[PDB]
Structure formats: C-alpha cells, structure tokens
Number of protein chains: 2
Amino acid sequence: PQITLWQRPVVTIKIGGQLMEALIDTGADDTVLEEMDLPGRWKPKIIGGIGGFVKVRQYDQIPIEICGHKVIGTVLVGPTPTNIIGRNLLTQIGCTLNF
Amino acid sequence: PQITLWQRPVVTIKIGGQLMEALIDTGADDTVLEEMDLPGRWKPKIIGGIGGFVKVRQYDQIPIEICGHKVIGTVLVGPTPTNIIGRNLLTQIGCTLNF
Ligand SMILES: CC(C)(C)NC(=O)[C@@H]1CN(Cc2cccnc2)CCN1C[C@@H](O)C[C@@H](Cc1ccccc1)C(=O)N[C@H]1c2ccccc2C[C@H]1O
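Residues numbered from 1 in each chain as written, not as in the entry; some residues may be left out. Chains lettered and ligands numbered in written order. Heavy atoms only, no water.

By the naming in the PDB entry, chain A goes by PROTEIN (PROTEASE) and is assigned to Human immunodeficiency virus 1.

Here it is, written out as structure tokens:
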C-alpha cells in the first residue's frame, strides 16, 4: 500500500499466535517489542534511544507475520511504550520510502 | 526518489546555508537537530522516546531544504548523535511508506 505520514504509521504484526499493533520506524535499526515472554533463550543488550539507554532481551530467529507476509529476524524485548519495528524486518517485506 | 532500508536512510539537507546529513525517521513525531544555534527564538519542549524524556529547544519557522524541496517548519534542537527528520516535515515533502 501507500501509507501517509499524517498519523503514526502503525500496522499489525503477529508474534507467536498473538496479534498486536506496531510502528513502522525507519530511524530504528532494530525491532523493539513490548513485554512478553517469547519461546527461546535470551541474551542481554543495552540499546540507546532519545531519552536514555534501555536494557533489552535479544531473541534470535523469531517468526513474524507482518500483514500476512511471514518473515524472520531478531527482536529485542524491553520496557518500551510502543512496539516498534525497525529496518531489520522492514527490508524483509520490501518497504521503501518515496517522495 | 525511492529509498530502501538496507543502509540507514540519510539525506543531504541545508539548514543555515551549511550542508548537513539527516536520518529520515518515520517513528519520530517531531524533527530533532544536533545542538546548534538557529536564527529564531525558542521555547522549551519535553519529548519522550526510548529510555525516557528529555528537554529540547523548540525553534519555529526555520527554512530547511530536504533534497531540492524547500520547507519551513518547527524544528527542535537537543542532545542527539544524528539529525532526525520527523513526521512534521515529512508530510510537507510528500513522503510515503510503500509495501
Ligand atoms: C532501536 C532504537 C529504538 C533504540 N533506536 C532509536 O530509538 C533511535 C535512536 N536514534 C539516534 C539516537 C539519539 C539519541 C540517543 N541515542 C541514539 C534516533 C532515533 N531513534 C529512532 C526513533 O525513531 C525512535 C522513536 C521510538 C518511539 C516512537 C513513538 C513512541 C515512543 C518511542 C522515537 O523516540 N520517537 C519519539 C520522538 C523522536 C523525535 C521527536 C519527538 C519524538 C516523540 C516520538 O516520536
């Protein structure tokens, strides 16, 4: 589709059988999701945003369905207000930026 | 142009006659530039992101230029490693996400 930027570009993704909202973030390199206990072994990473550095749990080779498109990648899980999907999963669905 | 997300989306902008580089960030409501002086007056503003809140300086009506298109808008200034082009200015140049 052709999504405009007058509002926050939110889409629906599917993580382990649960449907949730997420933000298309081209400034985020990675995908940071909310608090959930995902199946698998995690390892800590400390990422840094606009208001500080956060301690997230890194999960590898996790299956995500972004709008019916089953893709795969790394998802960091930590204390974030909104689910955010970054450039790592976006390239997988072919998402571009036009103007 | 069409821009993909394999490498981070950086464009060459002109603010104050000097050429800078900035990140087209659709996950950012506002536009935040690196600490500098802009030839307008400013008021304080508290924005929030990953980690927490931070205090920035809100300058209004600054004449920026993103890839040929000359825009005028609200630009924030604060502590950041990268210049960020938020949705307020992106809607002004017609940016859209396509997939
Ligand atoms: C992977 C990770 C998430 C840690 N990366 C970032 O947060 C980057 C960091 N860089 C580089 C960087 C900058 C400073 C320190 N470390 C790294 C600058 C840009 N942020 C990208 C932003 O797009 C992230 C969003 C996330 C968000 C959106 C809505 C709700 C909460 C959080 C962001 O912070 N946007 C906020 C935002 C941003 C600008 C202006 C106003 C606002 C309000 C909101 O839109």
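Next, the rest of the story.
(A) Up close: the UniProt feature "domain: Peptidase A2" (unreviewed entry) in chain A. The positions UniProt marks with the feature "domain: Peptidase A2" (unreviewed entry) are residues 20-89 of chain A. The span residues 20-89 of chain A is 4% helix and 59% strand, and its two end C-alpha atoms sit 15 Å from each other. (UniProt positions renumbered as here; feature names shortened; annotations may be inferred. Helix = DSSP H or I, 4+ residues; strand = E, 2+ residues; numbered from the N terminus.)

(B) Geometry of the site of the ligand. Around the ligand, the surrounding shell holds 27 residues, and the nearest of these are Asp25(A), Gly49(A), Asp25(B), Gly27(B) and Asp29(B). Nearby residues around the ligand are contributed by chains A and B. Backbone polar atom of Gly48(A) to a nitrogen atom of the ligand: 3.1 Å apart, as the coordinates give it. In this structure, an oxygen atom belonging to the ligand sits 2.4 Å away from a side-chain N or O atom of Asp25(B). A total of 870 Å² of accessible area belongs to the ligand in isolation, and the protein chains cover 90% of it. (Near = heavy atom within 4 Å. Polar contact = N/O pair within 3.5 Å; in protein donor to acceptor, adjacent residues only side chain to side chain. Areas by Shrake-Rupley, 256 points an atom, 1.4 Å probe, with all protein chains shown as cover.)

(C) Highlighting the relation of the copies chain A and chain B. Mapping chain A onto chain B leaves a residual RMSD of 0.7 Å; the transformation is a rotation of 177 degrees accompanied by 0.2 Å of translation along its axis. Given the turn and translation reported, the copies of this chain are related as if by a two-fold rotation axis. Among all residues of chain A, the minimum C-alpha distance to the rotation axis is found for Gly51(A), at 1.9 Å. A shared binding surface is used by both copies, with 100% of the interface residues of chain A retained as interface residues in chain B. (Least-squares fit on C-alpha atoms. Contact = heavy atoms within 4.5 Å.)

(D) Representation of the interface of chain A and chain B in the model. Taken residue by residue, the interface counts 33 residues in chain A and 37 residues in chain B. Across the chain A/chain B interface, buried area totals approximately 3600 Å², and carbon plus sulfur atoms make up 62% of it. Of the charged contacts in the structure, one is a salt bridge between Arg8(B) and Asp29(A), with a shortest N-O distance of 3.0 Å. The interface formed by chain A and chain B holds 19 residue pairs in polar contact in total. Those elements giving two or more residues to the side of chain A that touches chain B turn out to be β1 (2-3), β3 (18-24), β6 (52-66), α1 (87-90) and β9 (96-98) of chain A. Sorting elements by how many residues they give to the side of chain A that touches chain B places β9(A) first, with 3 residues. As defined by bridge partners, β1(A) adjoins strand β9 (residues 96-98) of chain B across 2 bridges and the pair is classed as antiparallel. Looking across to β9(B), one finds that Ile3(A) is bridged to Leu97(B). (Buried area = accessible area lost by both parts, 1.4 Å probe. Salt bridge = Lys/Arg side-chain N within 4 Å of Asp/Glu carboxyl O. Pairing = 2+ DSSP bridges.)

(E) Structural detail: the pattern of salt bridges. This model, assessed by the stated rule, comprises 9 salt bridges over all chains. The residue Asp60(A) makes a salt bridge to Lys43(A) at a minimum N-O spacing of 3.0 Å. Taken together, the positions of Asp60(A) in strand β6 and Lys43(A) in strand β5 (residues 43-49) put the pair 17 residues apart, joining distant regions of the chain. Take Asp60(A): its relative accessible area is 38%, and that puts it in the partly exposed class. The exposure class assigned to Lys43(A) is partly exposed, which follows from its relative accessible area of 40%. Overlapping salt bridges, with partners in common, bring together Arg8(A), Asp29(B) and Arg87(B) in one network. (Buried < 20%, exposed > 50% of the residue type's maximum accessible area, 1.4 Å probe, protein only.)

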